[PDB]
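Take a look at this single chain, the form deposited in one PDB entry, given in structure tokens.
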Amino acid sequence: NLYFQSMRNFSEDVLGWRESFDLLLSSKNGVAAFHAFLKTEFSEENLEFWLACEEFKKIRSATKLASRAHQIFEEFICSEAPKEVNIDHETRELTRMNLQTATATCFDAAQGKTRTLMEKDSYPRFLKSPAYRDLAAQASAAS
């Protein structure tokens, strides 16, 4: 029964966000809610960058890889990028060198740093927000 399935899925989705950052990041709803939260803390570019990397690494063509890699570097990685993420020179220079022949692992180091930035800081605050706390109460009612 579809409604019942939905209720159970809602419950399982929302309560998993509390259990691991992996589960939040794996969820359409989770990522969307966390994004909205991050905007309130002016840090949503970490998640935008992360999500960009997840979509990038599925690209198989060499030319589409190079083109997207340059788009992502210019938006998120380069000094004075419009959504510059908070990474060190070394990670930034590595990433620029990876651009020479952009493969699916082009952003791995920068992605890992960005995940930790969110995981250490904004993710535990998210789970303490009134919003999340209201959602989790509903989810425990949805079972």
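When you see a residue number, it is the position in the sequence shown, counting from 1.
Another form exists, deposited with a partner chain bound; not displayed. Remarks below refer to it.
May I ask whether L25, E54 and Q111 each come within 4.5 Å of the partner chain in the deposited complex, counting any non-hydrogen atom?
Zero of three within 4.5 Å in the deposited complex.
Determine whether any heavy atom of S67 comes within 4.5 Å of a heavy atom of the partner chain in the deposited complex, and answer yes or no.
No, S67 is distant from the partner.
Can any non-hydrogen atom of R133 be found within 4.5 angstroms of the partner chain in the deposited complex?
The answer is no: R133 has no heavy atom within 4.5 Å of the partner chain.
Contact flag, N98 vs the partner chain in the deposited complex, heavy atom cut 4.5 Å:
No, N98 is distant from the partner.
Would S129 count as a contact of the partner chain in the deposited complex, using a 4.5 angstroms cut-off between non-hydrogen atoms?
No, no contact at 4.5 Å.
Could you spot which one of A104, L94, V31, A81 gets a heavy atom to within 4.5 Å of the partner chain in the deposited complex?
The residue from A104, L94, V31, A81 that makes the contact is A81.
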